[PDB]
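What follows is a single structure, written as C-alpha cells, with notes after it.
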Amino acid sequence: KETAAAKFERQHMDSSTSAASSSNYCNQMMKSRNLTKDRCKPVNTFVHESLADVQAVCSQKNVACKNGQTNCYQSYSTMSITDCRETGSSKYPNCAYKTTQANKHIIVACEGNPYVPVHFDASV
Ligand SMILES: Nc1ncnc2c1ncn2[C@@H]1O[C@H](COP(=O)(O)OP(=O)(O)O[C@H]2C[C@H](n3ccc(=O)[nH]c3=O)O[C@@H]2COP(=O)(O)O)[C@@H](OP(=O)(O)O)[C@H]1O
C-alpha cells in the first residue's frame, strides 16, 4: 500500500540528474519508475530539485487546481523539470517518449499531515 506522497516521489522526483539527460531520458525513466506497467502514461513530469525544495512548494502560492479543488500551490521560483510525452509511434508495451528539459514554476496539490505534494498539476 504505497502512500500518495511516496507515489509522488516515485512518479515525479529525480534529484540525481539536475537536468534532462540523454535524449532517451524519458524512455528509460518512465520504464524504471514503473509508469508504463499496464498502459503507457501519456504525460509525466520529473522534477530535478531536492525533495525539501519541492515539499516547500506546499506553503507557497496557493492557486486553483485544474480540477476545481484549492489545494494547489505554485512554486515562487522556477525549477528544473523534464516533461515526458508519448510519441505517436508509441504502442504498449513498447512505450515511447519525447524528452523535454525546461525551467518553469511547478504547480502541485498537497494533502495530509505533514502537508506534502501528492499530485502534479501543471508547470507554468
Ligand atoms: N487537486 C487535486 N487534483 C488532482 N489529484 C489530486 C488533487 N488533490 C489530491 N489528488 C490526488 O493525488 C493523487 C495523485 O494524483 P494522480 O493524478 O493519480 O497522479 P499524478 O502523478 O499527479 O499524475 C497526473 C499528473 C501527471 N502530469 C500531468 C501534466 C503534466 O504536466 N505533468 C504530469 O506529470 O499526469 C497525470 C494526469 O494529469 P492531469 O490529472 O493533470 O490531467 C491521487 O490520489 P490517489 O492516486 O492516491 O488516489 C489524486 O486523487
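Chain labels follow the order of the C-alpha cells: the first chain is A, the next B, and so on; residue numbering restarts at 1 in every chain, and ligands are counted from 1 in their shown order.
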> Please, which residues have at least one atom within 6 Å of an atom of ligand 1, using only C-alpha atoms and all ligand atoms, listed as a VMD selection string?
Replying inline: chain A and resid 4 8 11 43 to 45 65 67 69 71 109 118 to 123
> Tell me, which residues of chain A carry DSSP alpha helix (DSSP H), written as a ChimeraX atom specification?
Replying inline: /A:4-12,25-32,51-56
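Closest approach to residue A:90 from the set A:77, A:107, A:42, A:68 is made by A:42, with distances taken over only C-alpha atoms.
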> What lies within 12 Å of residue A:7 using only C-alpha atoms, ignoring chain neighbours under 2 positions off, as number ranges by chain?
Replying inline: A: 1-5, 9-13, 33-35, 116-120
Output for the residues just chosen: N, CA, C and O atoms as a PDB file, in the first residue's frame:
ATOM      1  N   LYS A   1       0.836  -1.239   0.000  1.00  0.00           N
ATOM      2  CA  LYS A   1       0.000   0.000   0.000  1.00  0.00           C
ATOM      3  C   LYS A   1       0.860   1.275   0.000  1.00  0.00           C
ATOM      4  O   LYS A   1       1.098   1.882   1.054  1.00  0.00           O
ATOM      5  N   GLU A   2       1.322   1.673  -1.187  1.00  0.00           N
ATOM      6  CA  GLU A   2       2.156   2.877  -1.362  1.00  0.00           C
ATOM      7  C   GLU A   2       1.350   4.127  -0.994  1.00  0.00           C
ATOM      8  O   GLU A   2       0.181   4.255  -1.375  1.00  0.00           O
ATOM      9  N   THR A   3       1.957   5.041  -0.243  1.00  0.00           N
ATOM     10  CA  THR A   3       1.261   6.275   0.125  1.00  0.00           C
ATOM     11  C   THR A   3       1.286   7.202  -1.072  1.00  0.00           C
ATOM     12  O   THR A   3       2.174   7.098  -1.923  1.00  0.00           O
ATOM     13  N   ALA A   4       0.321   8.112  -1.133  1.00  0.00           N
ATOM     14  CA  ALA A   4       0.252   9.069  -2.240  1.00  0.00           C
ATOM     15  C   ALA A   4       1.542   9.895  -2.311  1.00  0.00           C
ATOM     16  O   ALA A   4       2.036  10.204  -3.398  1.00  0.00           O
ATOM     17  N   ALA A   5       2.097  10.230  -1.150  1.00  0.00           N
ATOM     18  CA  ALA A   5       3.319  11.005  -1.117  1.00  0.00           C
ATOM     19  C   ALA A   5       4.486  10.213  -1.718  1.00  0.00           C
ATOM     20  O   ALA A   5       5.305  10.756  -2.467  1.00  0.00           O
ATOM     21  N   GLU A   9       6.808  10.918  -5.117  1.00  0.00           N
ATOM     22  CA  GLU A   9       8.243  10.905  -5.276  1.00  0.00           C
ATOM     23  C   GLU A   9       8.625   9.930  -6.371  1.00  0.00           C
ATOM     24  O   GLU A   9       9.523  10.206  -7.166  1.00  0.00           O
ATOM     25  N   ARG A  10       7.944   8.792  -6.416  1.00  0.00           N
ATOM     26  CA  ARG A  10       8.259   7.799  -7.424  1.00  0.00           C
ATOM     27  C   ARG A  10       7.992   8.319  -8.825  1.00  0.00           C
ATOM     28  O   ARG A  10       8.828   8.187  -9.725  1.00  0.00           O
ATOM     29  N   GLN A  11       6.828   8.920  -9.012  1.00  0.00           N
ATOM     30  CA  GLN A  11       6.459   9.425 -10.318  1.00  0.00           C
ATOM     31  C   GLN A  11       7.018  10.772 -10.758  1.00  0.00           C
ATOM     32  O   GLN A  11       7.084  11.030 -11.957  1.00  0.00           O
ATOM     33  N   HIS A  12       7.451  11.624  -9.823  1.00  0.00           N
ATOM     34  CA  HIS A  12       7.889  12.962 -10.226  1.00  0.00           C
ATOM     35  C   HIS A  12       9.220  13.470  -9.760  1.00  0.00           C
ATOM     36  O   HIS A  12       9.706  14.473 -10.264  1.00  0.00           O
ATOM     37  N   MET A  13       9.822  12.793  -8.803  1.00  0.00           N
ATOM     38  CA  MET A  13      11.095  13.251  -8.308  1.00  0.00           C
ATOM     39  C   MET A  13      12.323  12.568  -8.902  1.00  0.00           C
ATOM     40  O   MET A  13      12.421  11.344  -8.925  1.00  0.00           O
ATOM     41  N   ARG A  33      10.522   3.817 -13.403  1.00  0.00           N
ATOM     42  CA  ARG A  33       9.650   4.203 -12.289  1.00  0.00           C
ATOM     43  C   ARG A  33       8.292   3.491 -12.371  1.00  0.00           C
ATOM     44  O   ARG A  33       7.340   3.866 -11.680  1.00  0.00           O
ATOM     45  N   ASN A  34       8.216   2.469 -13.227  1.00  0.00           N
ATOM     46  CA  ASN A  34       7.008   1.668 -13.420  1.00  0.00           C
ATOM     47  C   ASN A  34       5.818   2.441 -13.976  1.00  0.00           C
ATOM     48  O   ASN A  34       4.667   2.118 -13.672  1.00  0.00           O
ATOM     49  N   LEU A  35       6.072   3.446 -14.806  1.00  0.00           N
ATOM     50  CA  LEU A  35       4.971   4.244 -15.340  1.00  0.00           C
ATOM     51  C   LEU A  35       4.332   3.702 -16.628  1.00  0.00           C
ATOM     52  O   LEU A  35       3.329   4.230 -17.105  1.00  0.00           O
ATOM     53  N   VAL A 116       2.191  17.484   2.315  1.00  0.00           N
ATOM     54  CA  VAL A 116       3.159  17.197   1.265  1.00  0.00           C
ATOM     55  C   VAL A 116       2.529  17.044  -0.120  1.00  0.00           C
ATOM     56  O   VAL A 116       1.326  16.828  -0.251  1.00  0.00           O
ATOM     57  N   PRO A 117       3.341  17.178  -1.181  1.00  0.00           N
ATOM     58  CA  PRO A 117       2.778  17.036  -2.535  1.00  0.00           C
ATOM     59  C   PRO A 117       2.315  15.609  -2.823  1.00  0.00           C
ATOM     60  O   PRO A 117       2.995  14.638  -2.469  1.00  0.00           O
ATOM     61  N   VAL A 118       1.153  15.477  -3.454  1.00  0.00           N
ATOM     62  CA  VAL A 118       0.629  14.153  -3.796  1.00  0.00           C
ATOM     63  C   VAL A 118       0.231  14.085  -5.263  1.00  0.00           C
ATOM     64  O   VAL A 118      -0.012  12.999  -5.797  1.00  0.00           O
ATOM     65  N   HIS A 119       0.186  15.246  -5.915  1.00  0.00           N
ATOM     66  CA  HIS A 119      -0.224  15.313  -7.307  1.00  0.00           C
ATOM     67  C   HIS A 119       0.471  16.436  -8.055  1.00  0.00           C
ATOM     68  O   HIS A 119       0.686  17.515  -7.506  1.00  0.00           O
ATOM     69  N   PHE A 120       0.843  16.167  -9.303  1.00  0.00           N
ATOM     70  CA  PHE A 120       1.485  17.179 -10.141  1.00  0.00           C
ATOM     71  C   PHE A 120       0.399  17.749 -11.055  1.00  0.00           C
ATOM     72  O   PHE A 120      -0.154  17.048 -11.898  1.00  0.00           O
TER      73      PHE A 120
END
>> One decimal, in Å: what's the spacing between atom CA of residue A:47 and atom CA of residue A:16?
In response: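 Calculated distance between atom CA of residue A:47 and atom CA of residue A:16 is 10.0 Å.
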